[PDB]
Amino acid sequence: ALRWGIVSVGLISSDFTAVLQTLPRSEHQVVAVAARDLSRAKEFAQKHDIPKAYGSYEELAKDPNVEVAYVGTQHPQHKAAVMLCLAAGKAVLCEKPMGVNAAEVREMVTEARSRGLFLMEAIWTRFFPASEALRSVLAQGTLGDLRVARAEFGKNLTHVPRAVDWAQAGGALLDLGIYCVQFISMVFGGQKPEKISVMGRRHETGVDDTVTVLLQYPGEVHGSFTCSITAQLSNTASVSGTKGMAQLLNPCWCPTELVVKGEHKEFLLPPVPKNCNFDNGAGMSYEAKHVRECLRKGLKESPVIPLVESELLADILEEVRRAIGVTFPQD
């Protein structure tokens, strides 16, 4: 079995741990969990039936029974935790966005590469059967010659502290726009944009509120998206060519419905766990099973979200937030 170590005991680590404990026991085992104090770690290990608890991430990195670390910390704490785990020879699945700016991602990627260790950014949406089916539709040429595509992700998250906080690098782009940028990149074959235009406005807590981006892609196609932590949007994503449109229905970030030229297709989520902190949390199973398949094949990154594309997504996101003057200490 693939032996997992859980870094951080917040809500997302809770969901991911519950998912891993629904998978075949001969394929995945949760062997250890670290928190920034032993107390929190033991409470989590007892609730989730993990056999070892640590009060520092460093102790988890050093556990020789852990093969892969899941870094579920808040956004600004991803980098140090990843770097610790890689220095200790662990594979790492890092939560999204992998880092808060382009240089953090480059640093993590250079480290993983220099040590021949697997690293993947947990962009869970890419592994949903719906998303895989859209990629086939594109490979098959069903929509004809591409023209453009548009994604949107907006909800009123003003009462979700995580989400609006400057100190945790929250705001529309890093919480929600990350899903729009990855979708547009995916439909256009992970290609670097030729040009980006941005409009948006800030939120009174120090982060961005609502942001729309236009991206020129190579071969005369382009994408746009809108994200927001105050305004509710359609929360769909689409791609259109000369023969028609494919759409991933709301919830786009976690789609189970694909519509192609008016024809609907539903992809049910796994049955458990239910009651996950986050909508459709059960769908995290797909990325978990993907990491095991990569590691069994001896791969040092995923073909579905390669490290060079994580770097490009980071470059894009950083360019967008700089265009509207939203700077971070890290940069």
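Position 1 is the first residue in the sequence shown; the rest follow in order.
Enquirer: Return whichever of 229-237 and 106-114 has the greater mean Cα B factor according to the PDB record.
Expert: Higher of the two, by average CA B-factor, is 106-114.
Enquirer: With reference to the PDB entry, specify whether the mean Cα temperature factor is higher for 220-228 or for 74-82.
Expert: Higher mean C-alpha B-factor in the PDB entry: 74-82.
Enquirer: Looking at 97, 193, 89, 189, which one carries the largest C-alpha B-factor according to the PDB entry?
Expert: Answer, based on the entry's C-alpha B-factors: 89.
Enquirer: How does the C-alpha B factor of residue 281 compare with the rest of the chain: lowest, middle or highest third?
Expert: As the PDB entry reports it, the C-alpha B-factor of residue 281 lands in the middle third of its chain.
Enquirer: Please place residue 151 in the lowest, middle or highest third of its chain according to the CA B-factor in the PDB entry.
Expert: CA B-factor rank for residue 151: lowest third.
Enquirer: Going by the entry, which third of its chain does the Cα temperature factor of residue 303 land in?
Expert: Answer is middle: the recorded C-alpha B-factor places it there.
Enquirer: Once the chain's modelled residues are ordered by C-alpha B factor and cut into thirds, is residue 143 in the lowest, middle or highest one?
Expert: It belongs to the middle third of the chain when residues are ordered by C-alpha B-factor.
Enquirer: Per the entry's values, where does residue 101 land by CA temperature factor relative to the rest of its chain, in the lowest, middle or highest third?
Expert: Tercile = middle for this residue's CA B-factor.
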